[PDB]
Amino acid sequence: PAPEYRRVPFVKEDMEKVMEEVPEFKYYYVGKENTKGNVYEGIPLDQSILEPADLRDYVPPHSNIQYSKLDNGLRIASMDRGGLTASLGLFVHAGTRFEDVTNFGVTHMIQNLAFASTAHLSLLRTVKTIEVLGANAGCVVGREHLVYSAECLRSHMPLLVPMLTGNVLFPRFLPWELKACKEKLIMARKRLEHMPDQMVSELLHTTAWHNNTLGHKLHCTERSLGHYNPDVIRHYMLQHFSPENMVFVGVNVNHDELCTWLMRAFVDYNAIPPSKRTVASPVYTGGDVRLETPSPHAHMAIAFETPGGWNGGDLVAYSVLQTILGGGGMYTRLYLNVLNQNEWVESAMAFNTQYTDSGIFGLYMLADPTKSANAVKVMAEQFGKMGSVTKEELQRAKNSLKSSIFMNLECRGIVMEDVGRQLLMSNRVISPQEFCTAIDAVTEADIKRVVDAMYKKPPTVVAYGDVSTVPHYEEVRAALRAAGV
Amino acid sequence: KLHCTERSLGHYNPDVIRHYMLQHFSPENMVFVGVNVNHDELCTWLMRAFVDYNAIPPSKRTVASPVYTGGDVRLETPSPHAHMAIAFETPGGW
């Protein structure tokens, strides 16, 4: 069931009366009107200075999500917890899985151009104002989403909504800004050369879905710097950045003010018109890849596909199984049956990554580079016996996962991005009580029912570092075959 | 590989070089060839080179058969062509 959005109609108003609702803002301080100075000078900090006028009788705010929609299509969601700082975020359904042979790299360019010159503000003025308000702001690319966000005191929200929406309503893309911003496209990967874990992540993705959708790289290659001209950026944006592909989310703001100041942003201008885009299903290839470098471990990872991804019904099964095995505790399956029984492994882990319509699940390990052939055997055994579980471990895992669920959402930024991401993915937010009710229902049998389906396509195999002893492709797949995988 | 990788610059100390040479550079693993020279002078001046000194002593080394794996690999770069190659093994070689 989707939420029942409340309508927000467009209305046109006298600017000289709307200017009485704008927050006060100063950039110069030509003298100062107040001469009284530090009125609490010489008072120790264990001696109060509050007057009885500044006492209150506490009334909580109400913190269930409020859902609204503008007439042009934009969806708005808000919460308040009575904190003093607010979190604001704009979510666009424009990831890299939507590019093609003529587009590769365009999303990175757009992100690298966030908060650049727009119709009514320059780049310098924008960023300097964001600095002087005291805020922190930024933009993030993924494989399915693009996100802009900002954060400071809640009384500054009216000044931040423009600067966030600007980027999607009317950027200019002057050539001399594109040209000056180019080197940041290369540094993004130059830093990955000293982050082995993330590197292995990217290898897994490009090996699992070879040359399509989720397989695409998250960065601009050398071949991607040709089509770095404004027309390609603009033509790409015209296909994705329409309002009905967006969500705006706010935490610690009053919802009617948020609705008002968002409506007042789109009322004068024509937004990008809608488009009935279609999306192709990922094709999972699997395969094998190696990359050698002087690292003192053999880094290895093996993975299998999750059919259906986030829209598959078994989203809870994998997330419980990951905690049976051992996530990124000391009574977990891997900790007991690998790390405490072998001297030459530094770390073993289970990983689980999901997207709207496909995912992957697997194991990751660091080992002594002289014993990679034993590392493969250990991994093959482990995969061998994921099919079967005992109720002690299962209960341990279900309780642990419930605890983690509840305790992870005690933080406003995580909540904001969670709500956004869920609304983009399926137009519904799953409240934690529902997550717990779903976790409680997972059976012992369903684990086997899921794994038997997981092993029906070829594996994805990655090695990194001192790989000098890793068996050959056929040897790895035969080791997995012997262990019944 | 025909080159030194980064991992290959550790063991760049004289003892490893010398110990490797002691296993291969003995005379019975060598040939000396000359074109446009008079053979008796060549023999004479080669004999006069080894007469004073002890050469590296022989070793009965053994060599393992190559194992052919085959497989597949790709490497992207801005070149304006798709370069492709496919190959199969010659059993026994020369």
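In what follows, every chain begins at residue 1, and chains take the letters A, B, ... in the order their sequences are listed. What you see below is based on every heavy atom in this structure, not just the backbone, and it leaves out hydrogens, waters and symmetry mates.
Under a cut-off of 6.0 angstrom, the local environment of CZ in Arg234(A) is crowded, with over 12 non-hydrogen atoms contributed by other residues, nucleotides or ligands. Within 6.0 Å of the OH atom in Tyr68(B), the count of heavy atoms belonging to other residues, nucleotides or ligands exceeds 12. For CD of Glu28(B), the number of neighbouring non-hydrogen atoms (other residues, nucleotides, ligands) closer than 6.0 Å is greater than 12. Other residues, nucleotides and ligands contribute only 12 or fewer heavy atoms inside 6.0 Å of the CD atom of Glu343(A).
With a threshold of 4.5 angstrom between heavy atoms, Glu474(A) does not approach chain B through any atom at all. Proximity to chain B (any heavy atom under 4.5 Å) is shown, for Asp288(A), by neither the backbone nor the side chain.
The line from OG1 of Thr221(A) to CD of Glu76(B) is 5.5 Å long, rounded to the nearest 0.5 Å.
Here the shortest heavy-atom pairing between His472(A) and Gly70(B) reads NE2-O, 3.9 Å.
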